[PDB]
Amino acid sequence: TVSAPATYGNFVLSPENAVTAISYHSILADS
Amino acid sequence: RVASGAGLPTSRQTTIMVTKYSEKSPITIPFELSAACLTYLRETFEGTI
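Here it is, written out as structure tokens:
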């Protein structure tokens with residue numbers, strides 16, 4: 295096993311899912 | 099009216115209606131904004147200074 299980064303960075307906002315959320319914006323027409 | 103005349107009565111009751119005509123005119127200009135910058139308004143960010 296090897297460690298990997300979890301978040302892509304600190305500056306970016308959650309969700310980590312990213313594109314899966316923005317697609318819903320198109321179809322409708342801790343830190 | 100000037101009533102000083104003894105023998106002179108005005109023919110009119112001094113209620114002269116007067117019609118005029120309107121003139122409409124368009125007021126239009128091109129306008130623009132950047133939707134790529136508008137998305138920051140759409141997404142209501144708060145996470146970083």
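For the protein sequence lines, the chains are B and A, in the order given.
All the letters of the first sequence, read from the start, carry residue numbers 295 to 323, 342 to 343 under PDB author numbering.
Take 99 as the starting number for the second sequence in PDB author numbering and just add one per residue.
C-beta atoms are modelled at their ideal positions from N, C-alpha and C, and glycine is treated no differently.
Is there a Cβ of chain A sitting closer than 9 Å to that of residue i, yes or no?
{"i": "residue 320 of chain B", "result": "no"}
{"i": "residue 343 of chain B", "result": "yes"}
Spatial neighbours of residue i within its chain, please: C-beta separation below 8 Å, excluding the five flanking residues on both sides.
{"i": "residue 101 of chain A", "result": "none"}
{"i": "residue 112 of chain A", "result": "99"}
Taking residue i as the query, report the chain B residues whose CB atoms sit under 7 Å from its CB, ordered along the chain.
{"i": "residue 146 of chain A", "result": "305"}
Spatial neighbours of residue i within its chain, please: CB distance less than 6 Å, with the 5 preceding and 5 following residues excluded, ordered by chain position.
{"i": "residue 315 of chain B", "result": "309"}
> Quick one, which residues of the segment 114-135 of chain A are near chain B if we go by CB-CB under 9 Å, in chain order?
Replying inline: none
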